[PDB]
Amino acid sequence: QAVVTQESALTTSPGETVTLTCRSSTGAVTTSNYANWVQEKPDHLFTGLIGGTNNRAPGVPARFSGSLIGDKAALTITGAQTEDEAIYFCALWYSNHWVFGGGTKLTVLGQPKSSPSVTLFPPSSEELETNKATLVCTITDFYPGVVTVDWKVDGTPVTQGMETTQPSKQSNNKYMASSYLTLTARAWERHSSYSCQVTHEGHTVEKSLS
């Protein structure tokens, strides 16, 4: 009890108005709960936006406002921008403790798309001594942050042995990821062509070796 809930995902496009809500399991949200709205930006960058229900912190853009909409606290973004794309957390004060909500994932469409750069690396001779062989497929400078990589050994799609990382944000706001195909030294020597195929927003980028 004293469970704070928020929508889990919302999507908007630039210039539109979006309202995020925050509910207390315990009853109506009041002024005394001092609703705080915190913004999470890629790679744990937390920024306080609104405090005490409707007080915008000094450095925050005027497009952010907070209010009590009926029985709940609300965060309204009037004329949403691509950089508003973040996770928004709500927190409510209950006289002796704070309770955070689950957070709302806000997606702003109209972001600028970028196609991945792919590099395929062969297993090293040093690694083969160990009787294992790892092929490394690096993927950088893509946007949005979701790819699909498929691997093929001798034209045949591989089903097992691959591991793909979860995309990470680069300094430049584009994403990166890595895919690994682990074989035994034996398998490595039994086949000839190796291909890393990365699928980003409908397009495919494949790289191969021998």
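Throughout, we count residues from 1 along the sequence that is shown.
In this entry, 138-146 has the higher mean Cα B-factor, the comparison being between 178-186 and 138-146. Comparing the deposited coordinates for 81-89 and 129-137, the stretch with the larger average C-alpha B-factor is 129-137. Across 21, 192, 24, 12, the entry's maximum B-factor at the CA atom is seen for 192. Which of 48, 66, 161, 58 has the largest Cα B-factor in the deposited entry comes down to 161. Residue 8: CA B factor in the middle third of modelled residues in this chain (values from the PDB entry). Sort the chain's modelled residues by C-alpha temperature factor and residue 122 lands in the middle third, per the entry.
In the PDB entry, a CA B factor belonging to the middle third of its chain's modelled residues is recorded for residue 28.
In the PDB entry, a CA B factor belonging to the highest third of its chain's modelled residues is recorded for residue 111.
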